[PDB]
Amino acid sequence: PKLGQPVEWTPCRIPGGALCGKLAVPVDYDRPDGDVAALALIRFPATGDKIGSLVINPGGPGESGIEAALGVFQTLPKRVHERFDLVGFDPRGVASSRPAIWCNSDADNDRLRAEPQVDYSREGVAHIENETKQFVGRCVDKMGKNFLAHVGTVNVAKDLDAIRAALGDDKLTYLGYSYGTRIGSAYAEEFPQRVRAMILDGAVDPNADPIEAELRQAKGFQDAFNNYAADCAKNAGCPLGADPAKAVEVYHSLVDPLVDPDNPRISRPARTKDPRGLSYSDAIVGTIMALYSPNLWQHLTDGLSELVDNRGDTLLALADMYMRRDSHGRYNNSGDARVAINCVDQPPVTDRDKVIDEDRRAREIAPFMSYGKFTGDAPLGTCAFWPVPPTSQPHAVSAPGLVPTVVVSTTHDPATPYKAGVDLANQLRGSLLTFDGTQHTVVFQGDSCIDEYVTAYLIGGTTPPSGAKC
């Protein structure tokens, strides 16, 4: 694409008369005459009287907005389809946008997933951190330091305003999920006068401490695990047993044997038709994936029943869904993009004592996710080694002129807990719409109570009353 040139739309190669095109944006907005990024867009034209475009972001970070728009199209309320062009976009560095963040080969990822990743002795910590340093080196080798430095949400928000103008909208109508609510609040702060409407489903509090938010997310997934297990306990054949007070214990009786009990570095994978088998780390990841929605609880139950017989096929497939590894062993770039974006969106945690204390607390908060006992050591995260500095700093959202917005928060959301949505709505001086459930996000996913509130807000600007629940 040509910087400043309008989007050339062409039929995508797909539901509707979907149109696809690219938009050029500067890599560095302070160097407009420099390197350029090409953002991939998809557009489903409105069927009635068009108000404008409804631009979505599915979250992640690292998740394709084009893929999400294709999914949302199938569950879009008729009224929204009539009045809005549904538009998805791949953020800079993500999926079909170019250049795309790449760090790991398919083999790099496969080799890491084969490891139990439970050894937190000094030797185990050293091994993890060495792997992490080699990962970062690969990101730098394949991507520019310059491109890595500018993939953050602060620049995504600027890209979003360019997208708004390229779509012909005077003002933005935006729906953001999870991480996408950070795009939303960043956009709201820099372009408050351009915001027509914003729905933010699954909230990120930009003023949160990174460690406490991580521990609240650990608690969220343990809460979800507990709700899954109490449900399972009522059902015949529950692989975690009929006593939910012992479900964590029984769970570990199923996954812990995937680790050599005398050498925590040795995997004893459960048998699968796939040549990989099921490692302990993939078992945990596959469990986390299933706790995103009750619609995946049946799959977790199938996966744990398989583990009773030392089989791991379903948990492996759940982990592959989390990692976005397709049936040919190919990963999309969501994993690498997620890290690179997260590491520039706030100052990383580099203090060893804080990281060690975090692991001590996480083991108690989310025992389903921890193997063995606290060792007194824990590895630094990937961002502690990141080679370019943060481009955003934690702070409370301040956008006093912003139109009323709607934050949707699910009471037992494991990934973006409920209270984070309460806090974000407070900072935005917006409306809080509550959904009672144990899932991450809910908008345009089959609930007419939620969707009716959202439709009325998008079309007529009507916000839900204080205390609205679905």
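Just count from 1 along the sequence shown to find any residue number.
The records show that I450 is included in the coordinate set of every other eligible entry of this protein, so it is not omitted in a third of them. Coordinates for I14 are absent from at least a third of the other compared entries of this protein that model residues on both sides of it. In terms of unmodelled positions of the deposited sequence, the stretch from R13 to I14 in this entry skips 4 to 9 residues. Here 396 to 404 and 279 to 287 are compared by their mean Cα B-factor, and 396 to 404 comes out higher. As recorded in the PDB entry, 140 to 148 is the stretch of 240 to 248 and 140 to 148 with the greater mean C-alpha temperature factor.
In this entry, the residue among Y177, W297, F73, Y331 with the greatest C-alpha B factor is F73. You'll see in the entry that, of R268, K219, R111, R352, the Cα B factor peaks at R352. Sort the modelled residues of the chain by CA B factor and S64 lands in the middle third. Per-chain ranking of the deposited C-alpha B factor places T410 in the lowest third.
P389: CA B factor lies in the middle third for its chain, per the PDB record. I51: CA B factor lies in the highest third for its chain, per the PDB record. Among all modelled residues in this chain, the alpha-carbon of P45 has a temperature factor (C-alpha) in the highest third.
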